[PDB]
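In what follows, a structure is listed as structure tokens, so that the remarks can point back to it.
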Amino acid sequence: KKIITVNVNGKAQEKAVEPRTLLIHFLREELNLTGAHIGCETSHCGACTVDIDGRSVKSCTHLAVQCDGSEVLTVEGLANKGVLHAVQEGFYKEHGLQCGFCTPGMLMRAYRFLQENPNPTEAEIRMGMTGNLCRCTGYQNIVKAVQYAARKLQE
Amino acid sequence: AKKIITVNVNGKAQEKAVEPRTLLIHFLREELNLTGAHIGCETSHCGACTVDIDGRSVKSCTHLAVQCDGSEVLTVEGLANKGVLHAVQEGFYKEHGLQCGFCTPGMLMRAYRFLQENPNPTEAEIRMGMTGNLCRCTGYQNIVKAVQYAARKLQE
Amino acid sequence: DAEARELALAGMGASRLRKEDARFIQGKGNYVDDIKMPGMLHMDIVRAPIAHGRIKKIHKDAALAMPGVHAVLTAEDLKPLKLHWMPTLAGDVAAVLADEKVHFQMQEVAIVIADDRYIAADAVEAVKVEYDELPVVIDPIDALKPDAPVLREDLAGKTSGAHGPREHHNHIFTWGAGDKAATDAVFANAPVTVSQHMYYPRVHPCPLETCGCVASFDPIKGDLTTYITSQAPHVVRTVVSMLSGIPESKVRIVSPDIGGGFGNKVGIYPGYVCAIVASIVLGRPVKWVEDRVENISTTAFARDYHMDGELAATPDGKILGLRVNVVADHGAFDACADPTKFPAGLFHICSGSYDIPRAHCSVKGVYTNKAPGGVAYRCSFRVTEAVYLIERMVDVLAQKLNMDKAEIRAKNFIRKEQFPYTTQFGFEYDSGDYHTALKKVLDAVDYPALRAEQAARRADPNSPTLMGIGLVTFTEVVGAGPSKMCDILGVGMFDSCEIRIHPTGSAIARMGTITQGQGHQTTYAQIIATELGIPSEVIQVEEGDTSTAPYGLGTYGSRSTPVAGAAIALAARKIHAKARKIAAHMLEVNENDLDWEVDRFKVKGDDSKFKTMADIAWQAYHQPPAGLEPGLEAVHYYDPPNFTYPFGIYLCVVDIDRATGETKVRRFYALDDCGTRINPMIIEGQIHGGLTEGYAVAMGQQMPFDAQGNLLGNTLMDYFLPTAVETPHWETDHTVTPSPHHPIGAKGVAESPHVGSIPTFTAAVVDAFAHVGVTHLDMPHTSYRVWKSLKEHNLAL
Amino acid sequence: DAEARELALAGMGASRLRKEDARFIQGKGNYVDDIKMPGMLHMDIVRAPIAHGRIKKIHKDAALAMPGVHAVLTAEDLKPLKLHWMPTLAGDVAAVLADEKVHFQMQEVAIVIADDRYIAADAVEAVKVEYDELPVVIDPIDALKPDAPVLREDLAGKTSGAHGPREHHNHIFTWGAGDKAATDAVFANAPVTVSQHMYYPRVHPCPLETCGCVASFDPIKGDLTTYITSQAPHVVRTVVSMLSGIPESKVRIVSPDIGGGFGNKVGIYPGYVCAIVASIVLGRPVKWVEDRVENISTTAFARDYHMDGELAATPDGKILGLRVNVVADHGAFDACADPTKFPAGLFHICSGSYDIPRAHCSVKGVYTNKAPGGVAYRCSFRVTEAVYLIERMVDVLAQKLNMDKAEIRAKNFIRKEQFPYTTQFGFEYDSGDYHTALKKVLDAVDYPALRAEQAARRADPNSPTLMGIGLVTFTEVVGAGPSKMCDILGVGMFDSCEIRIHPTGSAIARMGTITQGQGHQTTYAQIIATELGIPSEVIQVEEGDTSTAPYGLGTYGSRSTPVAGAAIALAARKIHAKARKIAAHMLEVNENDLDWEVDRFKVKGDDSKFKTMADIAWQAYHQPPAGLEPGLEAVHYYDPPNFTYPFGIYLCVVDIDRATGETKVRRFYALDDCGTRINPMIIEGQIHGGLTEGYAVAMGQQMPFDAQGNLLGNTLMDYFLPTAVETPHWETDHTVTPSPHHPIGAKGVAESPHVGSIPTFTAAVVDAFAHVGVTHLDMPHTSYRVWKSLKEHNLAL
Ligand code: PCD
Ligand code: PCD
Ligand code: FES
Ligand code: FES
Ligand code: FES
Ligand code: FES
């Protein structure tokens, strides 16, 4: 086992982990940050997406041990002092979620994508959100949710 | 500073680190979630926190957890074996020795030990032997019957 | 197969074992302090060291700087939410956190929130408070003096209160019942007249589990969930909703397993309000669990009635009138649990088990520098005081006329044929048979032989012990309900039950009451078992969760059996009527060609053609007969037509040691009649507990204050509670006189042993001194006090 | 102001934001895998590596000795409890753990219980199993051959099943509907005739959240609590009680938040039973959560219908008759979700939106070495197949007659005045207005301009792309209910709702349904809001907990709005009838002198005299008018009189790349009419989702099996699921044709987009090839498969 120190949502977490432990299970099982979900074992769905060291990453294809000294942000950390982040507000206002299973991953992705590209076109949004699957929405309202967040972020 | 200790509770090793002032009752309830033992006073009279430590009945609210490093602690959760109720639990059940159940875990742990100290107790001996345990609901009458029931079951 | 099928139901009348036991005997109960939630913090309270005084300054800095402490709140943090004061069940207001001043010692002044209870307790000690002492008021009589200090400066200028006009700043109310003029007329000319002052001491219900709660406001969902030691969770939800502004549907109150309530957990304490507020502010769970000292010192006390009784009669012992005057000590704020129209509860039931043609009572409540309360500890809303008054007065009358104490009662008893009897105070006693019950007790204990033995001991001047025989014949009033008459903060005192039968025959049932150990999960199931032919073992009952249980008024005043017991039977009967309709359809016959036999509907004249409740349940889900909705369930809200009036005949023999003053209970026989009995085993337990509490009150309990207002003996070091050694062996008996208006004829009974046994003990102790002219002795009858009396009457050793 | 008050309610018709979003957007949803209980262990399953074969031996020792492993159970451990097989909704039996042999690859053979999912996975790898392979049956036709291998050795010697006689060992049933004699006669004399064979390939619902449960049997209390991904928790409870012997009242099944169901989570899977058994044995919580590969490989699949459709008509295009014959592949065990009396669901709805005088359909079920299923993925009980069949045939008929595809539909539509319309199959269509909708869609997309562009493109033999236009005009049948004909394992297909109004005006409501993302917590609140004048924001709705919610049949087949929506309105209306009665008492007028206006009862004439629902609620708790019970609540179980028949008109324009076979959806216009709309915003989301599933099914999804019966593409590596890039922008429209029999005129709609879009895609693709004589191309319309056709019809490059 390797002792690591991961900064999760602004708080330092020193834990002893087995090398094979997937980051997604470390977050869900050890820290009880159950927002991130699992929808596949092949790395396609993106329901496990979290922000690691400034980038969107599918936590099911990353080891917890690799996060020693990293900065990890999960959906539970998006709201600031209880005030929703623009992406959370956009998804809510534009009905960008139904069963809510792909939502945390979608929000974590959108959170970073909007920093990568602040004024995205619809095509760029669809392409920028390609790593995340959704079975409920048909993506249309998600595009609007991201557009709503983009406008609010430059407000 | 927290002291690292290992206390055997119900035959299982419990490795923890607690401040020296930690009362055994809070250790069991707070650290191990063995919430059977209860707190009914701050003056050591009620006995609702009674647990069996190293072969003796002890009020866990008046004993330090740090004094138990290596001890054998028995709580109500460990009386039943393989699901079968201990004679003491069966006695309280059959004789209606409990109403709200708050003093019950303490009564059971005390009766468990009492019956070993005295296998064939008279009523006076039972009332006196259970004297360190307070009950607000029963009026004790059925509790002595429950103990008499258990005493009888253990001899058969 | 009929008698066997009924027996297998383990329903009405069966002494079946408890369904609750399993979890409790294995430490799997779920009480407030067993609860642990994610992010849960702990709250402790900084309390007042003095009884009366102005708050100069509160120091928060040292406590706040301490690691582990998240917040320190005072009345200032509560003002913006209008929560530094809260409304009470008595129509007055109580301080949540002391604002400008403190009204009683140990009062809540500030709160700290910390990582755990250890740090929290440290934080309390770190908070320093500066006070300006004010003159204390501990005696009710001294409180009404012109120069007496103003306790409640918040209601300065008010000439009326929630219960009528107020004559003095420390005067709360004056309430009366009966015919004053008629009563005064009888007493003005009656040939025999007796008077007796007696004090019913302030005592505490002291449940083994103290009060506490885990308040959890979820800022994400915007709803409040608080686990609490409450005997009326639904009422608490409505009140919390209105005081907080949070829509009621988003407020969930849940009374889990409660380690005894005994009326001590009916009200809302500042501790609950503070935990809720802190939780809202911190956006996380806050746990509050008081210590024993805090429970005895600040939660609801019982009694504290200064009473002056009077009886008018003819020389043969026939009572002509009753006149009573009482001064009630309610402490700082009037938070006395009672229906809004009865500031003195049902004290006007003090005419007792006797046909008294003229009576009148008057109660005056006053403020003092003490904790709120008054109604608790199995009192049935001041019935304890009412029964004690009349029974002591009857003994006084018997002694002045030199008349036997049993004889004078049999002479004044309401005759069996007089029921339903309307008293001089307006109560309509449902049913009773006192003469038969008294004879049963007298014969059982060989009363004449007891009197003979007593006569012999009294003869020898050197008998080392005094013998006293105490006898009480009382009538209770339980089942607070008629909405036109009874309401809690505006809510009619009804109750409810909801039963749902599953496709396979078993069922789930929820009521608006809440057990604290009296066995509802077993008994309620038994009532339904008999009504529907489904074994009680598979009828799961639950109470306490405002999100699942039908709205009710909770459990106190022994109202469960009378009110909820009725709602349960009626709800079940709604299901039984539908079951018949379904059975008739399946059997292809008319409904009244059907007979109900234990657990099935069978065709008259043909035993082979029948359908069981299981058969019917399945049919209800499979294919509902035309004109019927699928399913099989019912809900019923019962507004009782009258209270229930159980009675009892209690006898106690005591032997007092002349050298030490210590009293030994030689025998105690208790006969109770609560109508139809649901579970005898459970009833017997309630009696044992009740009689034990009575012994505790009459023989050892008290809450003395010194001249400075300090509460003395507020811990188990001095506050008396008997162990198995002190508790006598109880002898119980019964008769069955059903309540005519009740769906199953069952009356409440739980409070009877407490209400009746207390004056029985006093009756026995006083009767031990009767031969030297003693008419009354104030409780507690401790060795010390009894010795002072032996000394005073030259009976010492 | 009356309009302002109605707006403030956020009730019927409003596009209000969702109440459930808050928790999900912050990761505070509560799905099965988020659950952690004290002492919870994890379970994993040893699955079959081959499609068919006998089990020689299972090696349990290596796994057992592995640190962290508590148990390894096989079918032998399940036998004593009679649980190695379980009943299915289709009346057949399914293996829980393979006993003597394995019937499909990936089938459950054994289970392991470990400390966590990591050790559990290792334990599965350590369990070795030896098999003796048997010949595999993959094609349904080869399955009926005389020499075909015996798949169900357990059914040997049987000549009948749950759905009639069986003619072969691999034959499950044969079901028909309509008039065969009449239909045969029409086809014999019809002037114009067409017939086409088409395959509706096996696909999978693949919900993002897979199936799972946390089973917890508490030996102390003797009860079972199971948190499960179930679309029908109440029937699950009833079934689990029956199979386990545990009385139903002691069984609690709870469906928490579910990450999508889509028909995949209606039935009970072997994983659930094993977890339950393991928990009973170990006396502690057992968690089972399958991986994506297990979900696709062994949970309920959809479609797999081999259809032969025929249409009889006159030269002008009027349809005279319809004849259909189907071969259905149900896998190894028939566990096809359906009402007990319909082994082929409501396939006899295949008469479509047309007034066809004579019709017949025959469906033959067959066993193969594949996972069970058939009804899932928004099928409405084989309606997906029925609509695909009829719309495809209408297209073929149009092409033969050289008649415009829209024109032949307009000419055959059931007219608005014909409703309620009884079809040749017996269904009573509630209402419709197909003509108005068709014209609306055609005008919006400028259909004639589209056909002209297509004509201009086909004229040029060098055009690099082919233009296709697909049009589908369908009629759905949703709201499975009439208990007379619809039942799940004997329970009538009704549903329920319980509403309880609190003293302060807000409310809580529970239904027998269970959302999986469709927004019931918002929409249900809106229905009640309009019915009672209480803002939807404070009407808290819950579903899924069998211990608290009224018994229902769950949500599948878009039955929620039709069945539960009716019970909700009726339960609210019972409360409204009582409120009017209470309002009349308060206003001292008669009920008939009152008028309901949005949120109050006002006296006719005098507007100033009124009482709000809030005023009425308080009065109900304060003091109920004479003859009434306290409280304000209601319950209602609705057994529907008929189904609901929403309709739609979809049009798709596609462009096919002749050099690669790539099909690009240029435009898609979807018009749905589901009657009264509760929340337009929520309906839009359902449409967007369904059209996307449609695109996935028609254009990319399939589940191919090689000769040895191994499932190919059972992970997201090959199993198609579109991303935001592949998903076209959807254009939606609607009309409002209320259901006459429904309390609020609202029809179901969630499955319509899926049912209707699939044939719209095939229509557009085939239409692109129609000019070269192509009548049909089987799905998926993959670039690979479409290119193959381009090459066959000389259109490639
Ligand atoms: N006839 C008859 C009657 C009765 N029963 C039963 O017995 C019991 C009782 O009931 P009642 O009487 O009705 O009552 P409740 O309501 O339930 O209860 C209450 C009471 O109860 C008592 N006791 C007791 N116990 C216990 N254990 N715990 C408690 O807590 C207690 N508390 C106390 C008090 S105080 Mo107050 O509140 O001051 O007013 S009131 C009171 C129940 O189970 C029942 O069912 C029978 O069986 N039968
Ligand atoms: N008119 C109308 C109708 C409707 N609505 C809405 O909408 C929704 C829906 O509804 P409906 O239609 O009734 O349906 P439901 O029942 O609810 O649902 C179910 C469906 O839904 C769908 N979608 C969905 N989504 C989501 N998100 N998730 C899911 O899971 C799902 N799933 C799917 C399916 S498949 Mo099956 O089972 O194969 O039979 S059937 C199904 C809701 O909220 C309601 O209210 C409105 O508004 N209006
Ligand atoms: S769980 Fe699917 S990409 Fe991570
Ligand atoms: S909202 Fe359900 S998968 Fe995206
Ligand atoms: S808590 Fe009272 S003796 Fe321990
Ligand atoms: S049973 Fe309640 S204190 Fe003993």
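Note on naming: letters A, B, ... go to the chains in the order of the sequence lines (proteins, then strands), and numbering restarts at 1 for each one. We use all heavy atoms of the structure for the numbers below, so side chains are in, but hydrogens, waters and symmetry mates are not.
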task = Tell me, for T548(D) versus chain C, whether the close heavy atoms (under 4.5 Å) come from the side chain, the backbone, both or neither.
result = both
request  = Under 4.5 Å heavy-atom distance to chain C, tell me which part of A549(D) shows up: side chain, backbone, both or neither.
outcome  = backbone
Proximity breakdown for [X] and chain D, heavy-atom pairs closer than 4.5 Å:
X       : value
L489(C) : backbone
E248(C) : both
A22(C)  : both
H234(C) : neither
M242(C) : side chain
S496(C) : neither

Are [X] and [Y] close enough that a side-chain donor and a side-chain acceptor fall under 3.5 Å?
X       : Y       : answer
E633(C) : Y551(D) : no
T504(D) : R237(C) : no
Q623(D) : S483(C) : no

Pairing of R500(C) and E498(D) as salt bridge, 4.0 angstrom limit =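 Answer for the salt bridge query: yes.
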ask   = Does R252(C) come within less than 4.0 Å of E542(D), counting only side-chain N to carboxylate O?
value = no
Least distance between heavy atoms, [X] atom then [Y] atom:
X       : Y       : answer
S249(C) : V538(D) : OG-O, 2.6 Å
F494(C) : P630(D) : CD2-CB, 3.5 Å
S506(D) : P247(C) : OG-C, 4.2 Å
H636(C) : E629(D) : CA-OE1, 3.3 Å

request  = Quick one: which of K250(D), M493(D), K19(D) has the most heavy-atom pairs under 4.5 Å with chain C, could you say?
outcome  = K250(D)
note = Highest number of heavy-atom pairs under 4.5 Å with chain C among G631(D), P503(D), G222(D) belongs to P503(D)
Distance, nearest 0.5 Å, that separates CD of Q540(C) from CG of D223(D) = 7.0 Å
request  = Could you tell me the separation between the NE2 atom of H502(C) and the OG1 atom of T238(D), rounded to the nearest 0.5 Å?
outcome  = 8.5 Å
task = Mind telling me whether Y621(C) and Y637(D) have parallel, tilted or perpendicular rings, with 30° and 60° as the class edges?
result =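 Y637(D) vs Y621(C) ring planes: perpendicular.
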inquiry  = Within the 4.5 Å heavy-atom criterion, are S547(D) and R510(C) side-chain neighbours or not?
reply    = yes
key: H622(C) side-chain N/O to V491(D) backbone N/O, donor-acceptor pair under 3.5 Å   = no
